[PDB]
Amino acid sequence: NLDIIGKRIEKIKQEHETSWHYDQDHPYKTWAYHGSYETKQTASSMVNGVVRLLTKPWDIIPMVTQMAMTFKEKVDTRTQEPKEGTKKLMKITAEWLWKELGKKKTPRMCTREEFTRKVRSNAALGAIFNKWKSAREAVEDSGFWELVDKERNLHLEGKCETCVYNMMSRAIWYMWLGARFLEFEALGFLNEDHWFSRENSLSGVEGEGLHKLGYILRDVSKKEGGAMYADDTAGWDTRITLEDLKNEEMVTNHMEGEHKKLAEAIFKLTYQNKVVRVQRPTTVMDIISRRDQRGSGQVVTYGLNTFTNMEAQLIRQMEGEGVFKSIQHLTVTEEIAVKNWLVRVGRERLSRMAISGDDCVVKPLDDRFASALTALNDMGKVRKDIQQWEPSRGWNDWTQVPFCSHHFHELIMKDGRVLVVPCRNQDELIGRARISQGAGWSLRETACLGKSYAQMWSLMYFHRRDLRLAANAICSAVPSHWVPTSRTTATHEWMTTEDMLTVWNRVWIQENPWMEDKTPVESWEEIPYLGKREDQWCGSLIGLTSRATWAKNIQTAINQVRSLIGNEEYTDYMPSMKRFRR
Ligand SMILES: Cc1ccc(CCNc2ccccc2)cn1
Ligand SMILES: [Zn+2]
Ligand SMILES: [Zn+2]
């Protein structure tokens, strides 16, 4: 308690000595509440006019138009301490899983240099504005780094002063850039050296890319076993127990020297104890603390979520195989048997899973997994939208399984080669491309974001008739040489000015390890669509009057956006399609 957080609290109290007050009508039950002080401030989603003017039929689809308008009663919940049998299962599995991840990897500190290059090329590192303006500025000023140095030597002492969370089914805890550096210094290796790559972790898909996920699920399908299970957790970050935070910290057991102590301090002082500032309109700033739940860099969050999810799903698999009888208490011979299962089949059981943070797909040995619920519920990883003790509904077809907001189609090219393509409801795809985050967008920057979406659609969603046409129209309407941009940057092969047919050939043919014949595709017309009926099932407007008029008159929409942008160099991409090829 206050021995570890007091200093951080004491320091904030002093910066607001003219305001401090222990409010008696504080809404916190599960969060500890320490006091309040005076503030006054708020970021809404804006429409991209380039994308909207080239997708007119969707102006009347409420699923699209509603996305652009606009649970903190889940963060103030509490999760029970697992039973002893659960606690033992988790420690043994965690110990074994860190060893496995570490067999071909070396933990190591990430560098000021590495950190600097990151900020000088926009990765969403969730920092805050206030002594400097942008993050780009603070990284060049050597004053900053003295602040970093001060805190860093404080962490080696086992104390913390400036590492304080700022809270904003989503909640994003920004820290000041310096606190983000110290987190990145200690744990960045997990992301930077790909600890959750499929090759290294067997279950993971870090760095895989949307054009690989389908092929990965198809490979899991090829295993002998039961249904494929894809249970989402209800508010995963709110269900991370102090016992989970402690099993995560065991990665420090693989470290040394300074690194080991820096990592230990990040775990002890920012993860297993937290200080947070929250806005309350009643607008003051509440300073509250707690020990448990997830609150870290969104990137260290991803990796530790993958880790703990891998762990939970191996244990749920153990329960289905009757490796242990009861979560109440493991016997001495039950521990040997758990350890022995891990040594004997653990790697095989990891390969039976695709895990992306809180998202999983499991193909267990058989369907006993479906009703193996005691460990999963006792770890606090309670399934969304099913009664606590109701058996999981499995999927019988890998092409129906949900994963990372997608499903996957098998699509046979006119030459017999097999593409596995990602897909989702086209209303979702169009509604997201029509949205921009932030203010101060020039027409030119708005147009280059539109173009990033168009090139993504050409690479990932080429098989959707409406998105290949809209993508061709956007790339026709935006100057040929203007570079695609994004403000909150998987593998993003569409972020390039290279020819999209050439990138398609690289991604789907040349670099695709599931394609034996490497014959390049010579034109876009060799590249197939879904069946007409499947395209409509997944949200196509093909067959509507509105869509027929849009398609037929597309050159008039393209010309409207060209006229707005002005007299620039443009390419006509519409003759890459058969119907416009005269
Ligand atoms: C470029 C293009 C493609 C298809 C169509 C017609 C789709 N009609 C249909 C009927 C019943 C089930 C599914 C589709 C029009 N334009
Ligand atoms: Zn600190
Ligand atoms: Zn689909």
Side-chain angles (χ1 to χ4, degrees), residues 4-12 57 147-165 175-187 210 213-214 217 261-276 289 295-297 397-411 419-430 457 460-470 472 524-525 528-552 554 574 577-581:
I4 287 159
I5 47 160
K7 191 148 140 72
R8 255 171 294 177
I9 302 162
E10 284 155 44
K11 167 149 199 288
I12 300 159
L147 304 184
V148 177
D149 286 331
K150 187 180 166 178
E151 260 280 274
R152 183 160 163 182
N153 286 311
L154 277 174
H155 284 178
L156 297 164
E157 237 172 297
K159 320 137 182 247
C160 178
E161 187 189 291
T162 77
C163 300
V164 164
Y165 285 111
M175 264 170 154
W176 87 281
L177 193 64
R180 247 68 204 95
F181 171 74
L182 283 182
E183 169 186 81
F184 176 74
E185 176 169 66
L187 302 174
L210 198 53
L213 295 190
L217 291 187
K261 303 303 147 163
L262 288 174
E264 283 182 9
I266 290 304
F267 274 114
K268 276 187 180 52
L269 308 175
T270 63
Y271 292 3
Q272 300 179 0
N273 286 277
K274 302 187 206 43
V275 167
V276 190
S289 81
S296 319
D397 179 9
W398 70 263
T399 71
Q400 313 296 299
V401 175
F403 190 47
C404 302
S405 297
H406 288 73
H407 53 283
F408 301 85
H409 296 253
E410 235 192 28
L411 173 62
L419 303 170
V420 177
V421 297
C423 197
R424 66 193 279 186
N425 178 270
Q426 183 182 273
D427 291 349
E428 301 179 4
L429 291 176
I430 297 193
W457 292 347
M460 302 295 99
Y461 307 122
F462 45 92
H463 49 90
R464 310 309 305 286
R465 290 162 180 75
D466 298 345
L467 296 191
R468 191 185 300 198
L469 196 153
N472 287 330
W524 278 103
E525 282 173 49
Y529 298 106
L530 298 181
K532 293 180 273 310
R533 190 182 303 285
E534 315 181 282
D535 214 339
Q536 298 173 323
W537 286 342
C538 288
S540 180
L541 300 191
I542 53 175
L544 300 179
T545 290
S546 64
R547 194 272 191 204
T549 308
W550 168 73
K552 166 163 263 290
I554 193 64
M574 305 318 297
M577 317 186 89
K578 190 166 109 287
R579 69 168 288 166
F580 299 114
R581 194 173 44 75

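Computation of the quantities below employed the complete heavy-atom set of this structure, encompassing side-chain atoms and omitting hydrogens, waters and symmetry-equivalent molecules. Residue indices begin at 1 and follow the sequence shown. When a ligand or atom number is given, it counts from 1 through the structure's own listing order.
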Checklist outcome for this item: Angle subtended at the Zn ion (ligand 2) by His155 NE2 and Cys160 SG, to the nearest 10 degrees, is 120°
Tell me, do [X] and [Y] make a side-chain contact under 4.5 Å, heavy atoms counted?
| X | Y | value |
| --- | --- | --- |
| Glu534 | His409 | yes |
| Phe184 | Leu177 | no |
| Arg8 | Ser289 | no |
| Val148 | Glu185 | no |
| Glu161 | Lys150 | yes |

Item to check | Subset of ligand 1 atoms that lie under 4.0 Å from at least one heavy atom of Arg533 | outcome: 11 (C), 12 (C), 13 (C)
Which protein non-hydrogen atom lies closest to [atom], naming both residue and atom, and how far is it?
| atom | value |
| --- | --- |
| atom 1 (C) of ligand 1 | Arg547 NH1, 4.4 Å |
| atom 13 (C) of ligand 1 | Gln536 OE1, 2.6 Å |
| atom 4 (C) of ligand 1 | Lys532 CD, 3.8 Å |

Next on the checklist: Looking only at N, O or S atoms, which one in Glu151 sits nearest to the Zn ion (ligand 2)?
Outcome noted: OE1
Next on the checklist: With carbon and hydrogen excluded and only N/O/S kept, which atom of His409 is nearest the Zn ion (ligand 3)?
Outcome noted: NE2
Item to check | Backbone or side-chain N/O/S of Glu161 under 2.8 Å of the Zn ion (ligand 2) | outcome: no
Checklist entry - Does atom 6 (C) of ligand 1 have a protein heavy-atom neighbour under 4.0 Å away? => result no
Checklist entry - Does atom 11 (C) of ligand 1 have a protein heavy-atom neighbour under 4.0 Å away? => result yes
Checklist entry - Which heavy atom of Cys160 sits nearest a heavy atom of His155, and at what distance? => result SG-NE2, 3.6 Å
Next on the checklist: Please verify the inter-ring angle class for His406 with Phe408; under 30° counts as parallel, over 60° as perpendicular, anything in between as tilted.
Outcome noted: tilted
Checklist entry - Can you give me the SG-the Zn ion (ligand 3)-NE2 angle for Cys423 and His407, to 10°? => result 110°
Next on the checklist: Please check this pair: side chain of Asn273 against backbone of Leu269, looking for a donor-acceptor N/O pair closer than 3.5 Å.
Outcome noted: no
